[PDB]
């Protein structure tokens, strides 16, 4: 129902869009498709739209997150977050 993913920084092309990138292993465990929304949780929660993973990241258990969402949650690159379907 909820997975743990490692925070990685969004690529520059994704700036300001409010998306997170996760591969098919994490998406299947969550039961979400590309285009659906997830709640990303540390000590509080944010909502973000699911986009596909970069090929290089596949299998690494990463969620790519833009700085707006990272700063809101107070998470550093390399920290872990909980993800669940919204």
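Numbering follows the first chain given and starts at 1.
In the deposited entry, the Cα temperature factor of residue 18 places it in the middle third of its chain's modelled residues. When all modelled residues of the chain are sorted by CA temperature factor, residue 75 is found within the middle third. Residue 50: CA B factor in the lowest third of modelled residues in this chain (values from the PDB entry). For residue 86, the recorded CA B-factor ranks within the highest third of the chain. Only modelled residues enter the ranking. Annotation for residue 64: CA B-factor lies in the lowest third of the chain's modelled residues.
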